[PDB]
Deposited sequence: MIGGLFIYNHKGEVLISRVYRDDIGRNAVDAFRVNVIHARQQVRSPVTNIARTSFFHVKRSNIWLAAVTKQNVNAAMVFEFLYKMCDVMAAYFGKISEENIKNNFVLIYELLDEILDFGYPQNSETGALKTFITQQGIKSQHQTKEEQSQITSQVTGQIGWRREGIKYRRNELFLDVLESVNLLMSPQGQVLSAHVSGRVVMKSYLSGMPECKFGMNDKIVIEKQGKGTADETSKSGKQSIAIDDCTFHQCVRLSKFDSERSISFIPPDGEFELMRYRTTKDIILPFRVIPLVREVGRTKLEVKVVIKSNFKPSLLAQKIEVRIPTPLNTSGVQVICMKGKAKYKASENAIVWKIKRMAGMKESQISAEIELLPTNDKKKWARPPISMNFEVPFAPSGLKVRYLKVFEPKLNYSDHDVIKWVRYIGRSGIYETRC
């Protein structure tokens, strides 16, 4: 073990200790870029980037990373990372950044007595009282369901989920993402006989000027990352959220715009679909602004079609479909009638069949206590509808 890293909810280092100088200061950010802020990578408890292996265990917010360079026993490090945090929980209560920030001194006395040059020592909490000098800084009956009526029956139980969310983006013409957030909601359509109690489960992209925010329906009870509720019959908004971190951006506009004198103007715009090729974006409309003194333009397109609209002062370019990991280009030649031109952003509409916040549904177990059906008798459908909002690139 080269060094134990404890990161907060947002990906910033709370407290860290390296034991081997094979680990550099490049490795404290190697974990941040490629584990916590993995945009599309599917999670794994052990990952390897650039000859360096990454062991992590989460305790409800906190990323407890363990970094090494050797072919260490991997079951050793994980069994260590549970007993590294059972020592801390016996002193702190729970594990959170409000308890760790009160206890920078106790963790440093633990991270030497427990781990010694990557070799785990005796982690018994009875034996530590002779070695650890510091002290930890500590800190009914639901009657009737109001939202769901009684005695509901159906010919065939079925259940529909729609993860409906909209991307907003401002991006510089250089490719720097200036501002991005995704606003979404989980719309559930419950056609379920009886009064089922059901458990919903998702990945950890939700935090339970846009601010990261998540409200629920009043049916949901929060108390793991699971959710139990008793669904109202019919259309029903299960969850409502915004997120701002690690936004999956489906498209990229690259506006190469060149001014020739003050009389002519040529605009090159390149679209790159930034998602996997088995998916297929639809209803794609890239509107490219032109100056107010535009006479008439000449537009050639690779695919799709474009037309100049002098009533809007913009070139509107519509593509029916775009497969992922591809590239399109439009060219235009503007003639002007002779100040400088203030540039509106190149706005963009689309619709993708994935959820651009990273939200995925992991399980949805439906249990009825008093009827003869269960979850595998229930037909369940999942549909992801990504969508653009203010999705604009500076010209």
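Taking the first deposited residue as 1, the stretches without any C-alpha atom are 1, 141 to 153, 223 to 240, 256 to 259, 375 to 378.
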